[PDB]
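One structure below.
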Amino acid sequence: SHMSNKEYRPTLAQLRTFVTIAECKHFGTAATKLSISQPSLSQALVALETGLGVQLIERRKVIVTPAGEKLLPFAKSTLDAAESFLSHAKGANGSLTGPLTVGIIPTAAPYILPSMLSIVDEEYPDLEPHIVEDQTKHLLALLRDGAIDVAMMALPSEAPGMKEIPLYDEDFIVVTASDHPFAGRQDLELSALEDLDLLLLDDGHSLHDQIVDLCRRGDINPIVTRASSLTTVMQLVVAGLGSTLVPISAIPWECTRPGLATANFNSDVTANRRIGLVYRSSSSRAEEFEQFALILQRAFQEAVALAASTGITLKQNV
Amino acid sequence: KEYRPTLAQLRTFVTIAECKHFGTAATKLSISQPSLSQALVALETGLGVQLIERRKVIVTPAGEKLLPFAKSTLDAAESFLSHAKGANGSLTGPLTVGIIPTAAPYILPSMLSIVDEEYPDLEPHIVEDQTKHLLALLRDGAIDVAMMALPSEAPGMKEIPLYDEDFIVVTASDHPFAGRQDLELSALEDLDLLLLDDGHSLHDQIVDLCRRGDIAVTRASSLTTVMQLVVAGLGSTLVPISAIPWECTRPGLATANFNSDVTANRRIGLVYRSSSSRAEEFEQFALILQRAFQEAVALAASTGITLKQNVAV
Amino acid sequence: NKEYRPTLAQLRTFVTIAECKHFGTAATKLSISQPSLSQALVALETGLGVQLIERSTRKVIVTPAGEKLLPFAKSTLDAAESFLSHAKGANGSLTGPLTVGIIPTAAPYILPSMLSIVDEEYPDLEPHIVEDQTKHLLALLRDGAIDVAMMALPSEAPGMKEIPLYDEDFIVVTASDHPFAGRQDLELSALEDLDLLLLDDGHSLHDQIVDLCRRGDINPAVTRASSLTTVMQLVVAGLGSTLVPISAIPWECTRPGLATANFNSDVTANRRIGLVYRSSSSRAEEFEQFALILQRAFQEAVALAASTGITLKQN
Amino acid sequence: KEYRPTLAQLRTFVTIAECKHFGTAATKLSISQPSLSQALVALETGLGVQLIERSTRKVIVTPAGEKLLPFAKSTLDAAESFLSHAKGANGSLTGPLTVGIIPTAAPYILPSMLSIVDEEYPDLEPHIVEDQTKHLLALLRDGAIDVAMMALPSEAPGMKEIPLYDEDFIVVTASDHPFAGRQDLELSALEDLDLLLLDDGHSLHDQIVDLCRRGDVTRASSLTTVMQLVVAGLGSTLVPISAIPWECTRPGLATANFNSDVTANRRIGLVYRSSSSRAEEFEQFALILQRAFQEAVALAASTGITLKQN
Ligand code: NA
């Protein structure tokens, strides 16, 4: 590498050739991957190797040299930085264009995603959404570190550096085995919770805590079976091991399987969660996140309509 | 000459400590409330130690310290009885079963129904949690057995192999692999795989499949969330076949499989502490789980979706 | 019939015969008659449906079935004897088994004094020590596999009670030739000038040092260790600097090639250590007594640190 | 297919943002003003985004340009780092090397390894990851470390193993223990000890358990914690001989050994991906580790404590 060409600067195209060959271990496969001829591929590689004064590949199969193996991570970092520049460029210019990483709590995500993603695909076609489904405490940590842009969770977040956009109040519904005496009742009082063996998600889920708070309002303790997802809880409910409460957006996805019935509290009882969009108060993207909020409010209305389409009677309020 | 506690007295103490109500404790043991109180007071007087204080019943500091010794005695006595009976004793009483989240929802309906009908004195308790947590609960005695993928790679434990469960590829309806039954492992290169996060053994298994085939931001904690992403055209995934009737029938999904010569499956097993003396019972429980899986596989076949074909050796 | 459950008295008879190898000696050992012994044995054999001891002879022969069941009978009797023996102690404070969980960056430094205090002042305590990271200690506490846990507060674990023990200062540790060597007046912003080598992110000490940097770091990695002793070797080799709790000083910071420094009197750079237990426990009073032991043990660990001559943080 | 920026275009953008003038930017890059303008317009057209504004006697970056700048910068910095490392890439054991090491070897081997490296391989930039075996093998599979020092066999398909050395164990007891100072123990002596072990995640745990099987709950994460338990009379243990000067010289401990005919050791090796082309360098690194171990063993011998004879 004293035979280095001093003014020589590698191009991204040359680096792509190197990385591709290192990964494919065949010139022909590498060339087809890059949509170029084998002579073009070899010219790019030889230009790189001559420019650097370092042999990167030993020409029956392609083997990376010791030098090539040591430089491969630096080449990859360059290509990754360039891809990140290009992706960001799509977002810099407009509102809701380019990457947006959205954190969502597990008891909202699967039920809001179909409508949110369909609206985005049709109305914001340059948006590149990335979805991180995780519990609240992890989403707040990812928000603080910048690993996600916004988080959809229950409010209040009680997280000091954050702004909150209220989206909607989502009612709960009681879910029981088909043969349970509350099946189909629409007039329960809060005190009816005393008569249920509640099966709850573990303490890491905000839905656990919300159900426990509901029991408190009614002066009842909510309290060995631990479940990590609503679909597992539904199987336990079908099997007669207990009852639960789910958000109404879950209805079409969780509560239509055979062996379940539903019930609601009366009009005077409040049994809901407040969902909101949370982001770093230092962010300059308030305007975009406010537009995203409108999408989520529309998506929820569609999820609620999907719930009503099942025929399952929903909570009435006032 | 001097006072020696009976097992009956110890059962009364332990049951009261767990139930926190005399009436519930008495019904649990199929005795009257006076009989329960007589046994407890005989124990307390014989020992000269108050174990339970006067509306729910609360264990005293002394009772809390003696509780684990009472439990050990009852557990040793149960083990004597179970070994004397041998094979015919069968499964009775509490059994806490840990199960991984990508098996639990799909195996539970048939396992629980078999147990309810054919082992009516079995009292199953289900802990659905990720593998690392299940192994820690096993080590601390908080669960009895754990259903998970093998190898567990936990020195300290025994493994009963249950079955091999095939994967299936799940794509959007309009994806170009949709419906193919002849994929090679290298086809994984051409998919944007959406995986559960790194805490799930299914993540690691799919990654290993890619490595055998010589092959970051979007992550989910549940298969149902992944299916929504797949329907929306954000990527493809692999699921265990037992998931098919629960996750893969929603509109906008299609399936595909690898060819007959490709192995793309996970080995599920029942894991327990090698210090346990309950091998024979856990072996019977294993048979239940193997039957439950066969029923889950039949449910998958009932959908009409073509399943992986394997060289049947 | 199906409902039969052996009694301890029946098991004692079986085990004693198997061990004494003579029915008369066995009967006298249990202070019962030979007819009573035989009645208990045959009640056991009939209830089980298994012959345990052969029958037409004064010699004792355990059957194959009896030989296989003997160890299970023995375990039961040993567990029952242990219950009875511990009942004598159960009204005593800090008597019998106590399993104590401790975080790895406190355990090795608090244990010598703690264990010596326990040995001298609570001689009927049978301590068992589980050294593990915080998240694992909280899981063991929830499952009942440990009784109490020594870790940094707040635990943020619902269902736990916390007894605050003490605030333990950190100290900055550098290579001998580092320009901060011996300084006692650092500001928090001095952290910007260090290449910090930390334990991996499973350790609460990692997180605490990161939080310290955020305080003073307005707005805004490969080398990692699982133990402070490994970090110290990296520091001696000039690969970076670190912070350790003061109780670590005599064990980690006296090896050749290290120096120390402290932040000035106005800076807070410490961790709060506490004793955590299940709020459902009835043993508050004992755990409170145990807390006093740990507070004394820490004072002794701090005196050991002062004995090295290394200057400690002033507050 | 679609437009991809070149590094040349990014250099032009960044330099204009910094110089605030086209002519000065062009001179900074040793190109003509027309070349500079061509590169900028190609970038702006390719992206569909205006990055620079004419700006009242000087050149200003637009809102879009200001947001894209730091990152154009990241790309250029990554490219410079590639180029700078290329100068070093041909030399053996030069540049970054990330080395994984198991926790019951790391603290005892590192002083000597790091000193040898500092003096004799001054262009090597070591990074050390101390973690348990299973984690080291996962990091090696993902490429997050280059080599791993651990006990053999690794039982990891796709890895190559360079055997380094056999390291003897030594028995550690309280000073007043009846085996204290014995040099003739048989493996069956383990039956008579209350062994205090590291938790299950440590290969030393498993090795001691296997030793007990050949001869036929208090748990800690570090050997230093185990030593405190041993001093307090709660049990005995076994440690690798490289640990002796660091762990076993405190008042209240004594040592013992198995007899000459007994094998009680661990085989340490250097593990790496068998797809690597760096065999020759890793073989040289292995020699460093074998030398480091010899120095650790000499440190153990320097204490005066009697070591296992074979
Ligand atoms: Na005292």
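Protein chains in written order, with the deposited numbering: chain D, -1 to 57, 60 to 223, 229 to 323; chain B, 4 to 57, 60 to 61, 62A, 63 to 220, 228 to 325; chain A, 3 to 222, 228 to 322; chain C, 4 to 219, 229 to 322.
C-beta atoms are modelled at their ideal positions from N, C-alpha and C, and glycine is treated no differently.
Secondary structure of C:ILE131 (DSSP, three-state): strand. Assigned with DSSP and collapsed to three states, C:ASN322 falls in coil, not helix or strand.
Excluding residues up to 5 positions away in sequence, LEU96 lie with their Cβ nearer than 6 Å to the Cβ of B:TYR124 in the same chain.
The Cβ atoms of D:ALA308 and D:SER234 lie no closer than 8 Å to each other. The residues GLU133, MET152, in chain order, have a CB closer than 6 Å to that of B:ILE104 in the same chain once the five nearest residues on each side in sequence are set aside.
Looking at the backbone, the Cα of C:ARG185 and that of C:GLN321 are separated by about 12 Å. Relative to the ligand NA, A:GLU123 has its C-beta within less than 7 Å of a heavy atom.
Distance from the CA of A:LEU250 to the CA of C:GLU189, rounded to the nearest whole angstrom, comes to 44 Å. Between the alpha carbons of C:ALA192 and B:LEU140 lies a distance of about 32 Å. Taking every protein chain shown into account, the CB of C:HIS208 has 16 or more other CB atoms within 10 angstroms, so this residue is buried. With a threshold of 16 other beta carbon atoms within 10 Å, D:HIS24 falls short and is exposed.
Contact check between the segment 260 to 276 of chain A and the segment 71 to 79 of chain A: fewer than three CB pairs, one atom from each, fall below 8 Å, which does not count as touching. By the criterion of a C-beta distance shorter than 7 Å, A:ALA298 is surrounded in its chain by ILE165, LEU167, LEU282, once the five residues flanking it on both sides are discounted. A:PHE182 carries a coil assignment under DSSP once its states are collapsed to helix, strand and coil. In the structure shown, the three-state DSSP call for D:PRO114 is helix. The residues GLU47, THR65, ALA67, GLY68, in chain order, have a CB closer than 8 Å to that of C:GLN53 in the same chain once the five nearest residues on each side in sequence are set aside. The continuous beta strand (DSSP E) containing D:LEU167 extends over residues 162 to 177.
At a C-beta separation below 8 Å, B:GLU69 has these neighbours in chain A: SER288, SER289, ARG290.
Spanning the alpha carbons of B:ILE19 and B:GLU56 requires a straight line of approximately 11 Å. Taking 7 Å as the cut-off between beta carbons, the residues of the segment 81 to 109 of chain D near chain C are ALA81, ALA82, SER84, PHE85, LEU86, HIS88, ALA89, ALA92, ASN93, in sequence order.
Annotated three-state conformation of B:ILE253 is helix, per DSSP. Taking 8 Å as the CB threshold, D:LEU198 stays off the interface with chain B. Taking the Cα positions, A:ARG279 is about 14 Å away from A:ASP213.
Taking 8 Å as the cut-off, the Cβ atoms of C:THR237 and A:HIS130 do not count as close. Counting along the chain, D:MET239 sits inside the alpha helix (DSSP H) bounded by residues 235 to 243. Nearest CB-CB separation between C:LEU193 and chain A: not below the 8 Å threshold.
Within chain C, the residues placing a beta-carbon under 8 Å from that of A:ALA244 are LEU113, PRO114, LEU117, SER118, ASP121, ordered along the chain. The beta-bridge partner set that DSSP reports for C:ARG231 consists of A:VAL132. Within chain C, the residues whose beta carbon sits less than 9 Å from that of B:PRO160 are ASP203, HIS208, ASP209, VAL212, listed in sequence order. Per DSSP, D:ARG278 is one residue of the beta strand (DSSP E) stretching across 277 to 285.
Residue pairing by DSSP places C:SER248 opposite C:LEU198 in a beta bridge. Of the residues assessed, B:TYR6 falls on the exposed side of the cut-off, its CB having fewer than 16 other CB atoms within 10 angstroms. Taking a 10 Å sphere around the C-beta of A:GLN135, we find 16 or more other C-beta atoms and assign the residue as buried.
Burial is judged here by how many other beta carbons sit within 10 angstroms of a residue's own beta carbon; D:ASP273 has fewer than 16 and is exposed.
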